[PDB]
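**Q**
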Amino acid sequence: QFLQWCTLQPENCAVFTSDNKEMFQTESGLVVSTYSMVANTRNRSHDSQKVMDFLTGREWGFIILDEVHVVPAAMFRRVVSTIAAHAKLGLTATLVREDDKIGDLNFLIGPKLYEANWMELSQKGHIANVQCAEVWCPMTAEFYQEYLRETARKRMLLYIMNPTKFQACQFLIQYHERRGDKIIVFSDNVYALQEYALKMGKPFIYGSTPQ
DNA sequence: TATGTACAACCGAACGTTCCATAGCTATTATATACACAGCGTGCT
């Protein structure tokens, strides 16, 4: 995106991820990295230790914290202190977290400059309109009976795999595919994700996947 | 505090056979000459 929208020459851009760790040697350049590769404290590899020293030694002029709703976490906030910078910007669509650490952003990166409405940009053609829906798949009699006895932690897997949900997902997928739509099926539970994918013969992605 | 989930690190060529082109040898006739050799025929024993 940086290359496409502005005239940033590729020579001055270095991506510090788990794959490649080379750093730009030109006087002034750009580093696009991740919190996991910059907030680590205990164990850094030899290849990743020179890069971190390269980041720390120089006095940067600007830091862009994408998805800044995770910076006030227990350890991610450490990067805001270690990295030297005279300007800090936070970019996030959602500025909410379950705990009370959201307010910590004030003394980490500063105040909230601007906010934008969602419907205003939707009616102006800048973002798409969505008809949100919530389908009620009544649990079948057989599955439901077990839901009463089982404990909290297993009850989750029980009400995620009820057959009616399989039928509803299969019907919607077929209906929208006929409409020439590209569908995404989210699932935080990996076992259900694999079971659904192998049952419908569709690709799936989860945490164990190589980049 | 515990459990999920996520992330980072440790195959050639020699020889043989046939085909043009030029020049030279072979055979025949006559004659004188004379030598050596290979025959045939007649008398002797």
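Mapping of the first sequence onto UniProt numbering: position 166 corresponds to residue 588, and the numbering continues sequentially without gaps. The beta carbon of each residue, even a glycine, is placed where N, CA and C say it ideally should be.
Would you decide whether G547 is buried or exposed? Buried here means 16 or more other CB atoms lie within 10 Å of its CB.
**A** The residue in question, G547, is exposed, as its Cβ has fewer than 16 Cβ neighbours within 10 Å.
**Q** When DSSP labels each residue in this structure, what does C435 get in the three-state scheme?
**A** Three-state result, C435: strand.
**Q** Keeping to the same chain, check which residues put their C-beta closer than 8 angstroms to that of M474; ignore five residues upstream and five downstream.
**A** These residues qualify, in order along the chain: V460, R466.
**Q** How many angstroms separate the CA atom of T514 from the CA atom of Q567?
**A** Taking the straight line joining both Cα atoms gives about 43 angstroms.
**Q** Let's see if you can read the secondary structure: which residues bound the alpha helix (DSSP H) around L530?
**A** Looking at the DSSP string, the run of the alpha helix (DSSP H) that includes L530 is 527 to 530.
**Q** With distances taken Cα to Cα, identify the nearest neighbour of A614 among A538, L594, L580, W540.
**A** Nearest of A538, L594, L580, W540 to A614, Cα basis: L580.
**Q** Taking 8 angstroms as the cut-off, does the region 587 to 598 touch the region 569 to 579 (at least 3 CB pairs, one atom from each stretch)?
**A** The region 569 to 579 is not in contact with the region 587 to 598.
**Q** Is the CB-CB distance between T463 and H491 below 8 angstroms?
**A** No, the Cβ-Cβ distance between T463 and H491 is not below 8 angstroms.
**Q** By how many angstroms is the C-alpha of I605 removed from the C-alpha of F438?
**A** Between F438 and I605, the C-alpha separation is close to 32 angstroms.
**Q** Which full runs of the beta strand (DSSP E) of 3+ residues lie inside the region 539 to 619, going along the chain?
**A** Qualifying beta strand (DSSP E) stretches: none in this window.
**Q** Can the beta-carbon of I485 be found closer than 8 angstroms to that of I505?
**A** Closer than 8 angstroms, so yes.
**Q** Less than 8 angstroms between the CB atoms is what I'm expecting for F424 and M445, so what's the real figure, rounded?
**A** Rounded, the Cβ-Cβ distance is 16 angstroms, inconsistent with contact.
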